[PDB]
Every structure is written in structure tokens, then in C-alpha cells.
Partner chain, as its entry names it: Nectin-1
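First, one chain by itself in C-alpha cells, the form deposited without the partner chain.
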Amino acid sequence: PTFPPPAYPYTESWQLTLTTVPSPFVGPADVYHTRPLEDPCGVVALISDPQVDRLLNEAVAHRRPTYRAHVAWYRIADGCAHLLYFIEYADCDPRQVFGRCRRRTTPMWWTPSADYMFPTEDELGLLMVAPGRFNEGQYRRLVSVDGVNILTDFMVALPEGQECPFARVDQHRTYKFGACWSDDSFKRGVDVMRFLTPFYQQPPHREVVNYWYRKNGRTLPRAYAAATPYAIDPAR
């Protein structure tokens, strides 16, 4: 294992430059498939390298001392998207790992999902812990650096008749996924804080979900295999 890296000071705010959620429909998205669970109470890894390092390298090549960024996730439905996650970064260091920034917002979450979903350590993936089957679907990631957008789709397939006995299904029954927004709605403006809720940064978020997982007798994996461009064990 490794010790935690050294801390660096940053300013946390509710918002930075964006008050509305960026449209997820700004371009085409490469498609990946999350790896099937070995058992229903396992962890789904929405992980795939966005190759955002290219954009940081460009900042260095043009001798720009900082970069700006944001990350958003969405559930894609027919003709519209449900909100899921949004965070913004400013005064970021292009010679450090993504997200090493002097300014960042609180992550903004769809709270029912935040009960069992949280970002990966590098902040560019999501982990989905012991999901109810209702979580099946198409998850889009937006990674943006200096106004350049990278889009990635993650297909989450969960077999019919398989569900974790302690899956979080209570909040979904009450709140579901929230409203669904078309491209034209994103263009007119969907207010971030109107529909999403400020939340913990990734490390305490991970540990809050981990506490629930461990209380139910399960241990988070030490590593997570990336989503693949092909489907593994596809159904019907």
C-alpha cells in the first residue's frame, strides 16, 4: 500500500464561474461497458481514462501557469438527461495530477445517488456500491479543461433477478432520478444549486459510504478494473 500524499491548501466555495449545469449533449461520446459484478453486493466501477493529461500538457506547452476545469455526470434517457454530479476547479496546476487546484467547489450531487455512489480517488471516475437494479442504464461523464470537453458513456448492465439484499432502494422509491433535461433546457440554463446538493469532497464521501458497506459486512476492493469498449457477458 501507500501513505496518503501531502496536503495542499485550497479555497472551497459553493460555486466558481458556472451557475448552470453544462450540457452533456455538446458532442459524441465513446462508449464503455462497466465490468459485471462477481456478486450483487460488489462495486460497479465507472472508470475509463479520459486522457485529460493531453489538455494539461497543452497548458504547459503554451506556458499557461494554471488551467480551469469541471466534471459532471448524468444519467442519459431518451432525448434528455438526469443530473447526477457537478464540480468546478480553478487555478489548477498543469504540472500536478488532475484536480490539484487552489480553488474548487463542493461537489454537487443528486443526494439519493450519493448514498452509495462516490468519485474515484483521481476524481475522474465513479464507484457505485451494491447497486439496486434500478441503477441500470447509461451514465455520461463530462470532463472539461480550459473549455475543451471530453465525453464518455458508461453502460451499466445489471442482470435481471440479481440484487444486493442491502442495496439502497428507499430514497429511489421517493425521489427517483429527478427531472430529465433536454439539450435546449441545458442551453437556456439548468441551475446547479436548484437541483443538486452540496456534498463532501471525495475522501470523506468515500468513507461515509464505506462505513455503511462495512457495517453490512463488505470490504471495498483494493483496486478497480476499468470499463471496456466491449461488453463482458452481455444479455438479451
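Residues that one form lacks are left out of the comparison. Here the rigid core means the biggest group of C-alpha atoms that line up within 1.5 Å when the two forms are laid on top of each other. Residue numbers count along the first chain shown, from 1.
Higher mean CA B-factor, judged across 23-31 and 199-207 from the recorded values: 23-31.
Comparing 184-192 with 43-51, the higher mean C-alpha B-factor in the PDB entry belongs to 184-192. Listed residues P131, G99, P159, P112 were ranked by CA B-factor as deposited; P159 comes out on top. Taking the PDB entry at face value, the top CA B factor among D91, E123, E88, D78 belongs to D78. Among the modelled residues of its chain, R218 has a C-alpha B-factor that falls in the middle third, as given in the PDB entry. Sort the modelled residues of the chain by CA B factor and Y224 lands in the highest third. Among the modelled residues of its chain, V60 has a C-alpha B-factor that falls in the highest third, as given in the PDB entry.
In this PDB entry, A69 carries a Cα temperature factor that places it within the lowest third of its chain's modelled residues.
One more form of this protein should be noted, the form deposited with the partner chain bound, which is absent from this view; the next part is about it.
Interface residue among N149, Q138, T106, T120 relative to the partner chain in the bound PDB entry, by the heavy atom within 4.5 Å criterion: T106. Contact annotation: of the candidates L196, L56, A45, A69, the single residue with a non-hydrogen atom within 4.5 angstroms of the partner chain in the bound PDB entry is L196. For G178, a non-hydrogen atom is located within 4.5 Å of the partner chain in the bound PDB entry, even though that partner is not displayed. Although the partner is absent here, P204 sits close enough that one of its heavy atoms falls within 4.5 Å of the partner chain in the bound PDB entry. Mapping the unseen interface onto this chain, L37 falls outside it, with no heavy atom inside 4.5 Å of the partner chain in the bound PDB entry. Contact between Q171 and the partner chain in the bound PDB entry is found at the 4.5 Å heavy atom cutoff. The stretch from 85-93, 150-158, 106-114, 120-128 that comes within 4.5 Å of the partner chain in the bound PDB entry, counting heavy atoms only, is 106-114. Not one of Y32, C41 and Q162 is positioned with any heavy atom within 4.5 Å of the partner chain in the bound PDB entry. Look at the core-aligned forms between the shown form and the other one and you find a single run of 3 or more residues with C-alpha shifts of 2 angstroms or more, at 1-8.
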